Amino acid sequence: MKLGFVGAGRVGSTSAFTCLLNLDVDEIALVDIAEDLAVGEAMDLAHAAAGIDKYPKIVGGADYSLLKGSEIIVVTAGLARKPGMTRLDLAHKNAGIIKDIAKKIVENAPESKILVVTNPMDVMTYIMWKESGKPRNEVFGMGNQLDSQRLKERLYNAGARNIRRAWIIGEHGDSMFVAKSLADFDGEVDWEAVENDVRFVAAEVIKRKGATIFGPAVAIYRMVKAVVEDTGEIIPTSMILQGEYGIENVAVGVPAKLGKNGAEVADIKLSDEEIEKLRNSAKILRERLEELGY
């Protein structure tokens, strides 16, 4: 089992750490535009590994060949702002990075699944799937899983117990929504309060701590697990839709089944009201793609 990470930044290295703690990993590859960082992260991670008596081959660098063999590759590479920048300006900057990476991944690990994390995630995962020859089963995004975790946290805070299934789907962004219909748990809540707490926790965390790190890391892990362990779990995933729920030519968050072969839309029955909301997010997402030439 080889794991690839493009981007050894905060989220890249921490999510890899997480996988190291919780997966039977043989090799870990870290590729980043900043070489010494990739390398330095690879060293630290190995020192960590020895503390749970694990000794995988962990290599970090700036050359994409390191990725050969990766069963799957987490792509966190990208930019921040200059808080005088703009969502659009960044989308362009990062879109360039994702294009460039897509090529690289195809000509080094042409058979690997790809987990897109770079924000705006739903848009970047789409640009990744388009820019690489790949089928829609080998390219998908981490997002709603993270949103969901946050959801479950506010639910337990609101008295709910035995929470199997509470999901958020749609755009990993303002346009997100809870799938009330699929929610299952003991205790009564207040979807008003909860759904709203969730749209800007991300921002509240970024305000205080600097970035969202551990939340995202775990969500990435659960998605990697599901695949490298062929668990067949269903996890809200940013998927390329090509008919499903009435939605076409965009990536957006939907219940998906993960396993060795990647992701495939679970096709779970959604409320009528919820397919509306899903179509909302797709329109928003579609527009933001056009602004970019996709």
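Just count from 1 along the sequence shown to find any residue number.
Chemist: Look up the CA B-factors in the entry and say which stretch, 99 to 107 or 117 to 125, has the higher mean.
Modeler: Between 99 to 107 and 117 to 125, it is 99 to 107 that shows the higher mean C-alpha B-factor.
Chemist: Tell me which of 16 to 24 and 270 to 278 has the higher mean C-alpha B-factor in the deposited entry.
Modeler: The stretch with the larger mean CA B-factor is 270 to 278.
Chemist: Out of 198, 223, 72, 158, which residue has the highest Cα temperature factor in the PDB record?
Modeler: Result of the comparison over 198, 223, 72, 158: 158.
Chemist: In this PDB entry, which of 150, 172, 136, 209 has the top CA B-factor?
Modeler: So the option with the highest C-alpha B-factor is 136.
Chemist: How does the C-alpha B factor of residue 44 compare with the rest of the chain: lowest, middle or highest third?
Modeler: Lowest third of the chain for residue 44's C-alpha B-factor.
Chemist: Based on the entry's values, in what third of the chain does the Cα temperature factor of residue 177 lie: lowest, middle or highest?
Modeler: For residue 177, the deposited C-alpha B-factor lands in the middle third.
Chemist: Divide the modelled residues of the chain into thirds by Cα B-factor and specify which third, lowest, middle or highest, holds residue 142.
Modeler: Ranked within chain, residue 142 CA B lands in the lowest tercile.
Chemist: Within this chain's modelled residues, let me know which third the CA B factor of residue 167 belongs to: lowest, middle or highest.
Modeler: Within its chain, residue 167 is a middle-third residue by C-alpha B-factor, going by the deposited values.
Chemist: Can you tell me which third, lowest, middle or highest, the CA B-factor of residue 112 falls into for its chain?
Modeler: As the PDB entry reports it, the C-alpha B-factor of residue 112 lands in the highest third of its chain.
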